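Report on one structure; see the data block that follows.
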Amino acid sequence: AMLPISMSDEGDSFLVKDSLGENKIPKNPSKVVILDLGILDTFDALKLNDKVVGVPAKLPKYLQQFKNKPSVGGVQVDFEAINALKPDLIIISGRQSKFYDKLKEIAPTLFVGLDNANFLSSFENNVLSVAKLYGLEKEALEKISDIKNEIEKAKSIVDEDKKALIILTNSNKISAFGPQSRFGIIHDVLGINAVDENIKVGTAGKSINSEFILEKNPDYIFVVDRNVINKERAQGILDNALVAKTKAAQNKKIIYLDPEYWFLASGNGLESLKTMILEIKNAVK
């Protein structure tokens, strides 16, 4: 299990430990550089927009209120821009853990990792830890309750005898993903059963083809199409007689998920996580 963020109050600051290291973070930080899009959404949802001084502007359609913040990268980190903003806090997730030592020379750097084996507990701890910095625990607990209620509404309507498959299409490559993966919340949080519970743990997933999809005969197929960031599109990759024969194709349950949520992994967002939960619920209702 990923080590959680723990914080102890030391008056003007918190002593913060997370899986990457320890930091003294000032209370109410006022110049925050955020490289994780999900946590940027949570800043919005907690009304902390004025605390943010840098984002990866090179930005999905749901985060356009930050389009005029100074750019610190693309998700490609620009260290010069970061230093020149003189931040009092840098927030990162998985995709930037490789940059940790360099960012930490600039300013205290908080890791809000999403644990693919314990998604909801990581999500809660990330949101509540950011809130504690600002004394917003009450407000963050109300919104965390809203998301839990949405998960319960979504779970309530899932069919126990149907099975789904998750795939990522990248140009013409198809790769399968299962429980406890980067897309795992379809199986792990919303309880939708998988066609294969034993695809191997790892970020690149398992290479598959249409024969595989036919062999599994999924009731639903969830597609994360990284071609939508061209020409070739999952719909054409799956435009064939193998995929056509599948229960998913026959009942028009090939679901194309918005990659600006799923591929960019905005699970740390109070509002973005909600939109993802609703997107699943509305596909299988």
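Chain labels run A, B, ... following the order of the structure tokens; each chain numbers its residues from 1, and ligands are numbered from 1 in the order shown.
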Would you list, as a PyMOL selection string, the residues of range 17-264 of chain A that end up in helix (DSSP H, G or I) under DSSP run on this structure's backbone? chain A and resi 37-45+49-51+61-66+79-85+94-104+119-134+137-155+185-188+210-216+234-237+241-244+247-250+259-262
Would you pick out the contacts of range 99-103 of chain A at 8 Å or less, using only C-alpha atoms, so that residues sharing its chain but fewer than 4 positions from it are not included, and give the list as JSON, numbers by chain? {"A": [20, 79, 90, 107, 108, 109]}
Got time to write the residues from that selection, C-alpha atoms, as a PDB file, in the first residue's frame?
```
ATOM      1  CA  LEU A  20       8.529  10.589  -1.473  1.00  0.00           C
ATOM      2  CA  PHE A  79      12.094  24.446 -14.139  1.00  0.00           C
ATOM      3  CA  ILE A  90       4.764  22.595  -5.434  1.00  0.00           C
ATOM      4  CA  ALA A 107      10.244  24.665  -2.811  1.00  0.00           C
ATOM      5  CA  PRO A 108       8.517  22.186  -0.511  1.00  0.00           C
ATOM      6  CA  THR A 109       6.942  19.525  -2.760  1.00  0.00           C
TER       7      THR A 109
END
```
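Near range 132-137 of chain A, within a cut-off of 8 Å and counting only C-alpha atoms, sit the residues residues 14, 26, 27, 28, 29 and 46 of chain A, with same-chain residues fewer than 6 positions away left out.
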In terms of the shortest atom-to-atom distance over only C-alpha atoms, which of A:120, A:185, A:112, A:221 is closest to residue 166 in chain A?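 Closest to residue 166 in chain A of all the choices is A:221.
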Could you give me, as JSON lines, a per-residue list for range 176-225 of chain A showing, wherever an atom lies at most 10 Å from an atom of range 277-284 of chain A, the closest pair of atoms and their distance in Å to one decimal, using only C-alpha atoms and sorting by chain then residue number from low to high?
```
{"residue": "A:185", "atom": "CA", "partner": "A:277", "partner_atom": "CA", "distance": 8.7}
{"residue": "A:186", "atom": "CA", "partner": "A:280", "partner_atom": "CA", "distance": 7.3}
{"residue": "A:189", "atom": "CA", "partner": "A:277", "partner_atom": "CA", "distance": 9.1}
{"residue": "A:190", "atom": "CA", "partner": "A:277", "partner_atom": "CA", "distance": 7.8}
{"residue": "A:192", "atom": "CA", "partner": "A:284", "partner_atom": "CA", "distance": 9.3}
{"residue": "A:219", "atom": "CA", "partner": "A:284", "partner_atom": "CA", "distance": 9.9}
{"residue": "A:220", "atom": "CA", "partner": "A:284", "partner_atom": "CA", "distance": 8.1}
{"residue": "A:222", "atom": "CA", "partner": "A:280", "partner_atom": "CA", "distance": 8.9}
```
Residues of the last selection are to be written out with N, CA, C and O atoms, as a compact mmCIF listing (two decimals), in the first residue's frame.
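Output file result.txt is given in full below:
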```
# COMPACT_ATOMS: atom_id res chain seq x y z
N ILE A 185 -10.79 2.08 -11.32
CA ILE A 185 -12.01 2.49 -10.61
C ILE A 185 -13.32 1.97 -11.22
O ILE A 185 -14.32 1.81 -10.48
N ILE A 186 -13.31 1.65 -12.53
CA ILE A 186 -14.51 1.01 -13.13
C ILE A 186 -14.83 -0.33 -12.40
O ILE A 186 -16.00 -0.65 -12.06
N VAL A 189 -13.91 0.56 -7.70
CA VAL A 189 -14.79 1.46 -6.96
C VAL A 189 -16.25 1.28 -7.31
O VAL A 189 -17.09 1.31 -6.43
N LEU A 190 -16.57 1.21 -8.61
CA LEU A 190 -17.98 1.08 -9.02
C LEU A 190 -18.49 -0.34 -9.16
O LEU A 190 -19.66 -0.54 -9.48
N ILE A 192 -18.08 -2.93 -11.24
CA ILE A 192 -18.45 -3.54 -12.50
C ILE A 192 -17.47 -4.72 -12.69
O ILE A 192 -16.29 -4.58 -12.53
N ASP A 219 -19.74 -7.83 -21.99
CA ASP A 219 -21.03 -7.12 -22.06
C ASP A 219 -20.86 -5.61 -22.29
O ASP A 219 -21.70 -4.98 -22.99
N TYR A 220 -19.81 -5.02 -21.70
CA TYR A 220 -19.42 -3.64 -21.98
C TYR A 220 -17.96 -3.56 -22.39
O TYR A 220 -17.11 -4.30 -21.88
N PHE A 222 -15.13 -0.51 -22.36
CA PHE A 222 -14.69 0.88 -22.04
C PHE A 222 -13.42 1.21 -22.74
O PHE A 222 -12.42 0.63 -22.44
```
Exercise: residue 49 in chain A partners within 9 Å, only C-alpha atoms, chain neighbours under 6 positions left out, as an MDAnalysis selection string: chainID A and resid 40 43 65:66
Create the file for the chosen residues now, containing N, CA and C atoms and written as a PDB file, in the first residue's frame.
```
ATOM      1  N   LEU A  40      -5.585  20.222  -9.045  1.00  0.00           N
ATOM      2  CA  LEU A  40      -5.915  21.582  -9.502  1.00  0.00           C
ATOM      3  C   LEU A  40      -7.421  21.783  -9.478  1.00  0.00           C
ATOM      4  N   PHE A  43      -8.448  22.340  -5.962  1.00  0.00           N
ATOM      5  CA  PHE A  43      -8.229  23.723  -5.581  1.00  0.00           C
ATOM      6  C   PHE A  43      -9.387  24.593  -5.963  1.00  0.00           C
ATOM      7  N   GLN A  65     -10.581  27.841 -16.446  1.00  0.00           N
ATOM      8  CA  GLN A  65     -10.410  28.973 -15.511  1.00  0.00           C
ATOM      9  C   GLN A  65      -8.983  29.219 -15.083  1.00  0.00           C
ATOM     10  N   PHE A  66      -8.082  28.256 -15.324  1.00  0.00           N
ATOM     11  CA  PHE A  66      -6.667  28.436 -15.081  1.00  0.00           C
ATOM     12  C   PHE A  66      -5.838  28.701 -16.344  1.00  0.00           C
TER      13      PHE A  66
END
```
Show me, as a list in words, the residues that have an atom within 9 Å of residue 259 in chain A when counting only C-alpha atoms, minus same-chain residues fewer than 5 positions from it. residues 223, 224, 225, 226, 228, 229, 264 and 265 of chain A
For residue 91 in chain A, which of A:1, A:276, A:37, A:141 is the closest residue, counting only C-alpha atoms?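 Smallest separation from residue 91 in chain A among the options: A:37.
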Contacts of residue 261 in chain A at 9 Å (only C-alpha atoms; same-chain gap of 5+ positions) as number ranges by chain: A: 38, 60, 266-267, 272-273, 275-276
Would you kindly return, as an MDAnalysis selection string, each protein, DNA or RNA residue with an atom no farther than 12 Å from any atom of residue 176 in chain A, considering only C-alpha atoms and excluding same-chain residues fewer than 2 positions away? chainID A and resid 164:170 173:174 178:179 181:184 194:210 212:213 216 221:224
Just the selected residues (C-alpha atoms), exported as an mmCIF file, in the first residue's frame, please.
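Saved the output as selection01.cif:
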```cif
data_model
loop_
_atom_site.group_PDB
_atom_site.id
_atom_site.type_symbol
_atom_site.label_atom_id
_atom_site.label_comp_id
_atom_site.auth_asym_id
_atom_site.auth_seq_id
_atom_site.Cartn_x
_atom_site.Cartn_y
_atom_site.Cartn_z
ATOM 1 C CA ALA A 164 -16.587 -5.311 -18.809
ATOM 2 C CA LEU A 165 -13.288 -4.876 -20.507
ATOM 3 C CA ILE A 166 -11.132 -1.756 -20.438
ATOM 4 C CA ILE A 167 -8.916 -0.840 -23.297
ATOM 5 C CA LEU A 168 -6.523 1.868 -24.264
ATOM 6 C CA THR A 169 -6.134 2.585 -27.990
ATOM 7 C CA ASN A 170 -2.890 4.309 -28.963
ATOM 8 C CA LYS A 173 -2.176 -0.662 -30.661
ATOM 9 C CA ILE A 174 -4.933 -2.057 -28.282
ATOM 10 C CA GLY A 178 -8.061 -4.616 -15.391
ATOM 11 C CA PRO A 179 -8.739 -4.294 -11.647
ATOM 12 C CA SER A 181 -4.828 -0.508 -12.733
ATOM 13 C CA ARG A 182 -4.692 3.205 -13.647
ATOM 14 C CA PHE A 183 -8.329 2.853 -15.043
ATOM 15 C CA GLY A 184 -9.249 0.467 -12.211
ATOM 16 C CA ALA A 194 -14.163 -7.692 -15.269
ATOM 17 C CA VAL A 195 -13.802 -10.179 -18.126
ATOM 18 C CA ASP A 196 -10.323 -10.906 -16.814
ATOM 19 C CA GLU A 197 -9.489 -10.266 -13.171
ATOM 20 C CA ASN A 198 -5.805 -11.487 -13.759
ATOM 21 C CA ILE A 199 -4.226 -9.093 -16.383
ATOM 22 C CA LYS A 200 -0.772 -8.225 -14.967
ATOM 23 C CA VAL A 201 -0.149 -5.116 -12.869
ATOM 24 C CA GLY A 202 1.700 -2.353 -14.808
ATOM 25 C CA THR A 203 1.230 0.968 -16.546
ATOM 26 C CA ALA A 204 1.392 -0.288 -20.153
ATOM 27 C CA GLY A 205 -1.279 -3.023 -19.638
ATOM 28 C CA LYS A 206 -1.619 -6.145 -21.846
ATOM 29 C CA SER A 207 -1.307 -6.091 -25.686
ATOM 30 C CA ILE A 208 -4.433 -7.598 -27.270
ATOM 31 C CA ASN A 209 -6.322 -7.874 -30.558
ATOM 32 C CA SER A 210 -9.854 -8.352 -31.774
ATOM 33 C CA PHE A 212 -9.074 -11.606 -27.645
ATOM 34 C CA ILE A 213 -12.056 -9.251 -27.423
ATOM 35 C CA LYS A 216 -13.767 -12.600 -23.800
ATOM 36 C CA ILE A 221 -16.221 -2.327 -23.564
ATOM 37 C CA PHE A 222 -14.688 0.884 -22.040
ATOM 38 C CA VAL A 223 -12.315 2.615 -24.406
ATOM 39 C CA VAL A 224 -9.769 5.239 -23.563
#
```
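With distances restricted to only C-alpha atoms, A:4 is the closest residue to residue 114 in chain A from A:59, A:15, A:4, A:160.
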Pairwise distance, CA of residue 67 in chain A with CA of residue 52 in chain A, equals 11.7 Å
Tell me which of A:230, A:121, A:71, A:240 sits closest to residue 171 in chain A, counting only C-alpha atoms.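 Smallest separation from residue 171 in chain A among the options: A:230.
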Quote the spacing between CA of residue 94 in chain A and CA of residue 10 in chain A in Å to one decimal place.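 Calculated distance between CA of residue 94 in chain A and CA of residue 10 in chain A is 27.7 Å.
Coordinates place CA of residue 211 in chain A at a distance of 20.4 Å from CA of residue 193 in chain A.
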Write out as a PyMOL selection string all residues of range 55-132 of chain A that DSSP puts in strand (DSSP E) for this structure's backbone. chain A and resi 89-92+109-111
Using only C-alpha atoms, please write the residues we just selected to a file, as a PDB file, in the first residue's frame.
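Result file result37.pdb:
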```
ATOM      1  CA  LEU A  89       4.568  24.980  -2.478  1.00  0.00           C
ATOM      2  CA  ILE A  90       4.764  22.595  -5.434  1.00  0.00           C
ATOM      3  CA  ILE A  91       2.145  19.762  -5.749  1.00  0.00           C
ATOM      4  CA  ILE A  92       2.788  16.695  -7.826  1.00  0.00           C
ATOM      5  CA  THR A 109       6.942  19.525  -2.760  1.00  0.00           C
ATOM      6  CA  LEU A 110       3.835  17.562  -1.703  1.00  0.00           C
ATOM      7  CA  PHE A 111       3.064  14.255  -3.419  1.00  0.00           C
TER       8      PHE A 111
END
```
